[PDB]
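> Here it is, the structure, as structure tokens.
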Amino acid sequence: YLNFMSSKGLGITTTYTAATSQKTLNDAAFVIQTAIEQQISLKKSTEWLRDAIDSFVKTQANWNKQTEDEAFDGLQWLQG
Amino acid sequence: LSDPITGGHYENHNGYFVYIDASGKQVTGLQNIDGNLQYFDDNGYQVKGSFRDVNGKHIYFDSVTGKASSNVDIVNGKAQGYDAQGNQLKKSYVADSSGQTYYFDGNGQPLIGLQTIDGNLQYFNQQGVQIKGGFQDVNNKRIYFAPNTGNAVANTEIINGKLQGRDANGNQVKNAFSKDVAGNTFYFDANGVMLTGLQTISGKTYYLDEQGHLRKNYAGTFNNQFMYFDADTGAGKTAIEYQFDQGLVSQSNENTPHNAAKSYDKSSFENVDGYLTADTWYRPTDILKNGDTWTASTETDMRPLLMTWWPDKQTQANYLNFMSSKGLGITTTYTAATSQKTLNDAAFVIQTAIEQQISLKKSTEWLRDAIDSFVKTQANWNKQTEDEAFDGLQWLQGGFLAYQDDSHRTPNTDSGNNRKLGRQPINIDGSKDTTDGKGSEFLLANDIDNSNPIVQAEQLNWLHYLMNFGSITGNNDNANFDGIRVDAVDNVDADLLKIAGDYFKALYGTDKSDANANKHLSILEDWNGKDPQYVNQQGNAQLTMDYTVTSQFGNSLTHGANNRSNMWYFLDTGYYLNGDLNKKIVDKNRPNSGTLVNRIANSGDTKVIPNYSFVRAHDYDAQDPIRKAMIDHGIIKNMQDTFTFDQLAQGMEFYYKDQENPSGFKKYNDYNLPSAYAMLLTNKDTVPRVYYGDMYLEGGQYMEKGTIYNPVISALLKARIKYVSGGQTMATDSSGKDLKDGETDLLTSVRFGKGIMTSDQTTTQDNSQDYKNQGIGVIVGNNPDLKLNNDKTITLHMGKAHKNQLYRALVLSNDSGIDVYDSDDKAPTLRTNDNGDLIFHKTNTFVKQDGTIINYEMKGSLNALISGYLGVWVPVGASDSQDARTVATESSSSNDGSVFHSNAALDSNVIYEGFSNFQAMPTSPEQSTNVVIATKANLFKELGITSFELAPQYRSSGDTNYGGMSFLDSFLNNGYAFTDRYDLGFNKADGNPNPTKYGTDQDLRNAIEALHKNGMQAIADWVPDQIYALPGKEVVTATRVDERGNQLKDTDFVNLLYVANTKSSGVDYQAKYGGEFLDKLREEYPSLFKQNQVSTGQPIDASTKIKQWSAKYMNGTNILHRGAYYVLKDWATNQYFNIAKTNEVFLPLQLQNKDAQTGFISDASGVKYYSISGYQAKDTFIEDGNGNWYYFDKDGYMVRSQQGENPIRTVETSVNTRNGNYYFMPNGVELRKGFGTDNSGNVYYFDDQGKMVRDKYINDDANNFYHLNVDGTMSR
Amino acid sequence: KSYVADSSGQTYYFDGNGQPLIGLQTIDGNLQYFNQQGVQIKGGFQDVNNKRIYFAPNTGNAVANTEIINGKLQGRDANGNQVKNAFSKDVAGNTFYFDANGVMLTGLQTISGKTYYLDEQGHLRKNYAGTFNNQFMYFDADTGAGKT
Ligand SMILES: OC[C@H]1O[C@H](OC[C@H]2O[C@H](O)[C@H](O)[C@@H](O)[C@@H]2O)[C@H](O)[C@@H](O)[C@@H]1O
Ligand SMILES: OC[C@H]1O[C@H](OC[C@H]2O[C@H](O)[C@H](O)[C@@H](O)[C@@H]2O)[C@H](O)[C@@H](O)[C@@H]1O
Ligand SMILES: [Ca+2]
């Protein structure tokens, strides 16, 4: 999440890993939260954020078809 | 990346590699060390098999080497590729640590599922991994993906029990041919099932074997009627139609009488010994000047034979295409299949064009070059038909030809039934001719036939000329060589040793006394391990080398940074029974092994074989390293490569840098040279030899700069004079390969003094006192990381003749170098105990005799001068003029018949091999080797050199190269490669100076005299094996052979005519001095000329003198890259063209203005063939323009199979190499590289060239294996 | 300056001159060998100079490999030198270790202060857990080095 939001101009672009300390990630989440509220004031809208979250969510394997075992044999050929 | 560093060792701590700088500091971070990119964490340990982050880069390092390379990392949830520099890869394949392959797209994300890349179909699993070597159900189809590429291809699998076929798109195959991965083709019917046996499809017939494999290039009787299956598609032809496309046609026309030769002789034909060559030019009757008007030809007018005649249509077509390409006509694609008439017409339009460019340029040199070029294009006229090979001594120059005795075709070249090859010492009588014990007679250049008595006499003449060089060339009896080195002993007839030995006996009475023998020190380059025993049985006329000790230096000290044989191996304990050093019973029977001279307890009581020994030589541990260095730095590509002197100089700078590297690691150079010399120079029963290049740098100018080893070796040399004498012992702190807990494997070598032969001997038998201040102690290790246990003590048993005596160091190693002590006062002392032992501990406190206390650890060290330990100790109180040598006795000591004897007198000598093959050319006359030797003779006297081995002084053949590979001896002018054997630096005949690399002939005589003024002898390098770059051509009969003169197994180059360069100028010094001294010698010492030689049964023959070399006196030559058929031949009759004598002329009929008919013509009896030159083919193989081969029998008729009869025929031809069993089809075509069935159903196989194959396994491009019995049949 | 594969799958490389390259050659930094007819050797050993070299099945690129000399497996590196005192691979992907005398090692081996487990076939085992020292030991997925 931190890396994705960073890439969209919201902070220093970061390579964070699961190995990064919890404290660091939480601090970084807050600097992103700050930046978020600023672009909410600037745009007076949250639709830009809706789209950012939607996109980010589908990035993650637990939240997309990668954890759905897409297959195409038999009638599964039609829709996966 | 990161800037490179060198000069730091790698260290291992707790299972981890650390790297310590030249600075001496432990290294962290990313580092390029010697071209390898590596990383070390904060603690200084090296990372392997893990990813690290430096700057913007994600770099993996290898699991073995720790070197930066590509990998895939799972980063967060997802796979991402990375290169060697740590960049995320885009649109690239990467293989990970497990050898799995991903393809990452434009965004760097791996592709999944079916994909097409570079037009290749590939599949990827859901994790992004590439499927390779398997089937895969994707997109409602099954597809096989290839083992390594992973590309979609046809394949077969077995469904139920029936083979099924799958194509590239994953569809099953029905009604079609389809392959499998191995390469086999099958056919599958409408119901999908594979077909077997004979099948007709689409109006063509194919043969599928039991396995369903489509058989191509396969002959057999399938309809009980013959059928040949195509090499292209496997389609059956009846092989009834003749495939030759050339009917009998006449070639003569209106131009024939114009282009015919003016004359049938040497006037009108450029030739060698009467024969013609591809680049022969001839004189046509008339000339189409300017392409307009035929005009009679003047003598100067000459035209290339290839303008008008060709050996065959292939060559004709190639000539036309080549000349066309150079602006001479319509550029053409002609083949051998093109009609003869067309090619001939086209040759004439080219002839026209040629005469036009001759008028335009007013020259023919442009044409000379065009023909030369074209000729080398053709395989028959270049090395492709010479079977270039590089194994064995062939490594040097690419392979050898042996000349043959052939009075009918090549009589000037006949050797009179000489040319006995490989008569090396162990095979002097030919008794090992059929084994590897036959000598490698062929080494380099033109190998001289030293089995010929006439040649043997000439070699003696040359020998005499050298031994009297000064008397003969300067009337200076003090400028004569005293002794000889015999170059390449195992590559010549061993008679030469007897000839040389007997000569010395006759003229100097070397068999009379040790003083006579030793006044003419002489050595052998005799590498075979059985040569020492031979040389001794023959009375040691020249000193054998002792490779056994040179070899052990390689294994235990000189070679390799680490895993080295123990010093234990120097002892050769096997010498004694049961390896027992307490009991010391000599083992009278051993399995032909061990060192030549035992030195465990050498008291001089057992007779031993006299010898010289060395650590290095001009030709040992020099030529290879120096070139490896140039190769490693991109200065040349191959060892055989030609290099320039500047190229050598650049390489030499790296060589020197590596040699003197303070790290102590050496990549090209030898380790532990000081330690090796310390042993060499203290050993009893040997004449040691010292290599110039260990004392001075091997390149640049002579004696330009001393080496780092010079001080130490110089000290050892001067100490040898003062202290080295008496008996020897040698021991190691070691019992074998493997070391017990306390054991150091440190070698202790001791000499006792003049009359002292044993440890326990307390005094001389003659009561002389010389011994007390003589003797020496040497300690040496091969382990730079050697640390002693605190308790451990190491002892030098200096002997009971040296009780309670004070000893002082000559030489001591340490971590920065080796200290050298020039006199007693400047050195640490230490005193022997009551028993005469110097005891050493891990830690030592020595005292100087007057000055002070010194601390010293018995510690292995590592630096440019050593990798191990070295300590040498001498008795204090030695006189300044002390000399421990023994003078040689004038008395007849021995009735054994022998010349040299290993004893204290012989051991008092030292040879200096005073040159390097890689010296630069003298920049000025003043710096020429032999000038310098004269000014510096003094310096060598004081190192105890008694004989100076000078380089071979013969004039270098240089850059001259008549064909074939040049050798470094020649282009480096080192004197081993020479044109004139008697020119040792004489002036040009116009008066101008003409030095060798070493200086003029005067410089040589001055150098030799200077050495005699300083009591040293001068050694001549006697080089009888070969001679280089002879300017005259002759036609020999030659066979392609390996170093031992054995015909290569699969060669057609057998008894073929060849143009060789074998003839000397006849106006050279060899002409002046050749055989001149023999008459004088026969008069004065008759028995030399009456004594029989062993190999020949004959005495040497001075009745004929050699002023000019020629082929009849040679065994052969290195291949000259000219071709098997550069000497022109008619394919039809197999006779070679010739014009020497008008009674026996043979030319193509065109050139004699007769009608040449050429082609295939049928008659009632069978098919006949006429060559381009117009002769009928008989008893010869012939190739048509489409590439088919035929055999024409003695009667002149093509061989062909009849119905119901065996197609296999046994052929015995004029050309023997082609003898064998062939398979001819009904239309006469020979089967090649495929199987043929006989009339009875038996299958055989026939090779590349049509021959039947027997008694072996045979593999197939599709991995099918077949076996052929002895009778030829296939069991399979 | 291009590779071409012919009808039979044989591969040649043509230089600037157009003449097919013959003998040992380096291309795109890859070491390759060509017979006297200009054909590329793939999937086999070869003797060039003084060093025997294996060339890969598809690329033909020089790589480490093992062959059986007499009855003992031996190891050959990418430069064609036999391997002594080191780890070396074979084409299949297995790593072996060869001692000072060139002979492949077997079983539990400690080298350079680390412990590796080689099975009966001499294969270095990575990501392998077991207790054969009468003590537990996990052999690294990276290098096969034993950790506790
Ligand atoms: O461009 C060459 C090659 O690249 C990839 O294959 C690399 C590598 O894969 C395995 O290690 C094989 O055993 C080797 O022979 C290969 O060189 C691609 O997968 C392949 O399609 C491509 O040809
Ligand atoms: O070469 C003289 C040498 O011969 C025997 O040893 C042969 C050979 O044995 C090993 O394999 C060592 O690794 C080599 O260094 C040896 O040269 C004798 O036993 C030995 O004493 C002698 O020096
Ligand atoms: Ca010879």
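> Working only with C-alpha atoms, what are the Rg and Dmax values of region B:701-824, expressed in angstrom?
When restricted to the Cα atoms of region B:701-824, Rg and Dmax are 16.9, 51 Å.
> Among the listed pairs B:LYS737/C:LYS89; B:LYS266/B:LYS326; B:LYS179/B:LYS1251; B:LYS67/C:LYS114; B:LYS519/B:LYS1013, give every one whose C-alpha distance is greater than 21 Å.
Result: B:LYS737/C:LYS89; B:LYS266/B:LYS326; B:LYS179/B:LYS1251 exceed 21 Å.
> Considering only B:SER522, B:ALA260, B:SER97, whose Cα is most displaced toward the positive end of the charge dipole of the protein assembly as shown, charges sitting on Cβ of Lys, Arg (+1) and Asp, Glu (-1)?
B:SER97
> Report the Stokes-Einstein translational diffusion coefficient (µm² s⁻¹, integer) for region B:688-773, Rh taken as the Kirkwood radius over Cα pairs, at 25 °C with viscosity 0.890 mPa s.
Rounded, D is 151 µm²/s.
> Between C:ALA64, C:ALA86, C:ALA56, where does the largest GNM mean-square fluctuation fall for chain C, given springs only between Cα atoms within less than 10 Å?
C:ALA86
> Suppose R0 equals 41 Å. What FRET efficiency, 1/(1 + (r/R0)^6) with r the Cβ-Cβ distance, do B:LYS361 and B:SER1065 give to the nearest 0.05?
Efficiency computed from Cβ-Cβ geometry: 0.75.
> For B:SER1103 and B:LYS1090, compute 0.36 nm times the residue count separating them, minus their Cα-Cα distance, and round to one decimal in nm.
Extra length from B:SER1103 to B:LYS1090 when fully extended: 3.5 nm.
> Show me the three semi-axes of the equivalent ellipsoid for region B:906-1056, from the C-alpha gyration tensor (sqrt of 5 times each eigenvalue), largest first, rounded to whole Å. Could you put the intermediate results ahead of the total?
Numbers: eigenvalues 259, 81, 29 Å².
Equivalent ellipsoid semi-axes, largest first: 36, 20, 12 Å.
> Tell me, what is a quarter of the convex hull surface for the C-alpha atoms of region B:479-567, in nm² with one decimal?
8.1
> Still on this model: How many nm separate the modelled label positions at A:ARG50 and B:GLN533, each set 7 Å beyond the Cα in the direction of the Cβ?
Each label point lies 7 Å from its Cα, and together they span 10.2 nm.
> Okay, next question. Give me a comma-separated list of calculated 3J(HN,Hα) values for region B:192-206, in order, Karplus coefficients 6.51, -1.76, 1.60 applied at θ = phi - 60°, integers in Hz, x for any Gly or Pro.
Values, residue by residue: x, 8, 5, 9, 9, x, 6, 9, 9, 9, 6, x, 9, 10, 10 Hz.
> Along the Cα-to-C-beta direction of B:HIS633, a point sits 7 Å from the Cα; which residues of region B:1-32 have their amide N less than 19 Å from that point?
Taking a point 7 Å out along Cα→Cβ of B:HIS633, the residues of region B:1-32 whose backbone N falls under 19 Å are B:4-8.
> Could you run the Karplus curve 6.51 cos²θ - 1.76 cosθ + 1.60 with θ = phi - 60° over region B:622-634 and give me ³J(HN,Hα) per residue in whole Hz, x for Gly and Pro?
Couplings: 10, 4, 6, x, 4, 7, 3, 5, 5, 5, 4, 9, x Hz.
> Quick one: order A:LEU2, B:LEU1231 by neighbouring beta-carbon count within 10 Å, fewest to most.
Values: A:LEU2 20, B:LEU1231 25.
The fewest-first ordering by Cβ neighbours comes to A:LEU2, B:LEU1231.
> Going by amide H atoms built from the backbone, whose H comes under 5 Å of the H on B:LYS848, apart from near neighbours?
Amide H to amide H, under 5 Å and 5 or more residues apart or across chains, B:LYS848 pairs with B:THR829, B:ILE853, B:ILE854.
> While we're on this one: Under 5 Å between amide H atoms, partner at least 5 residues away or on a different chain: which partners does B:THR544 have, H built in plane at 1.01 Å?
Long-range HN contacts for B:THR544: B:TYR612.
> If you plug each phi of region B:1058-1071 into the Karplus form 6.51 cos²θ - 1.76 cosθ + 1.60 with θ = phi - 60°, what whole-Hz ³J(HN,Hα) values come out, in order, with x for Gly and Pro?
9, 8, 10, 9, 10, 10, 6, 4, x, 10, 8, 5, 3, 6
> Which of the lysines could a cross-linker bridge to B:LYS722, judged by Cα under 17 Å and excluding same-chain residues fewer than eight apart?
B:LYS684, B:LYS754, B:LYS772, B:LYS941
> Something else: Mind scanning B:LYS91/C:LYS84; B:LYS361/B:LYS1033; C:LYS72/C:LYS147; B:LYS237/B:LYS1168; B:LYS498/B:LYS530 and naming the pairs with a C-alpha gap bigger than 29 Å?
Details: B:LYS91/C:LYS84 39 Å; B:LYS361/B:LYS1033 31 Å; C:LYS72/C:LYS147 31 Å; B:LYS237/B:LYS1168 23 Å; B:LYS498/B:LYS530 17 Å.
B:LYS91/C:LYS84; B:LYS361/B:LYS1033; C:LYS72/C:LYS147, as the Cα separations exceed 29 Å there.
> Run the reach check for B:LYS792 against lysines, Cα to Cα strictly under 16 Å, same-chain hits fewer than 8 apart removed. What comes back?
Correct list for B:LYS792: B:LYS740, B:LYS842, B:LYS859.
> Report the far tail of the P(r) of region B:500-640, meaning the percent of Cα-Cα pairs longer than 20 Å.
The answer is 62 percent, as a whole percent.
> When a footprinting reagent is the concern and you count Cβ atoms within 10 Å, what order do B:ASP646, C:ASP142, B:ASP745 take, fewest first? Don't skip to the answer; put the middle values down first.
Values: B:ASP646 10, C:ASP142 15, B:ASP745 23.
Sorted ascending by nearby Cβ count, the order is B:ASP646, C:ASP142, B:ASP745.
> Also: On full extension of the chain, what length is gained from B:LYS584 through B:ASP791, given 0.36 nm per residue of separation minus the C-alpha to C-alpha distance?
Details: separation 207, 0.36 × 207 = 74.52 nm, distance 2.97 nm.
Once the chain is fully extended between B:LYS584 and B:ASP791, it gains 71.5 nm.
> On alpha-carbon atoms, Rg over Rh for region B:202-270 using Kirkwood Rh?
Checking Rg against Rh, the ratio lands at 1.45.
> Let me ask something else. Under a 5 Å amide H to amide H cut-off, with H placed in plane at 1.01 Å, what residues pair with B:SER956 once short-range neighbours are removed?
Answer set, sorted by chain and number: B:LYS997.
> Which ordering of B:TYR692, B:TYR16 is given by a fewest-first count of other beta-carbon atoms within 10 Å?
B:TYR16, B:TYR692
> From the P(r) of chain B, could you give the percentage of C-alpha pairs in the tail past 59 Å?
Of all Cα-Cα pairs in chain B, 35 percent lie more than 59 Å apart.
> If the viscosity is 1.567 mPa s and the temperature 4 °C, what Stokes-Einstein diffusion coefficient in µm²/s follows for region C:1-139 when Rh is the Kirkwood radius over Cα pairs?
It comes out at roughly 76 µm²/s.
Quick reminder, even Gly has a Cβ in these numbers, built from the backbone with ideal geometry, and neighbours come from all protein chains shown. Each value in this text was obtained by applying a stated rule to the coordinates, not by laboratory testing.
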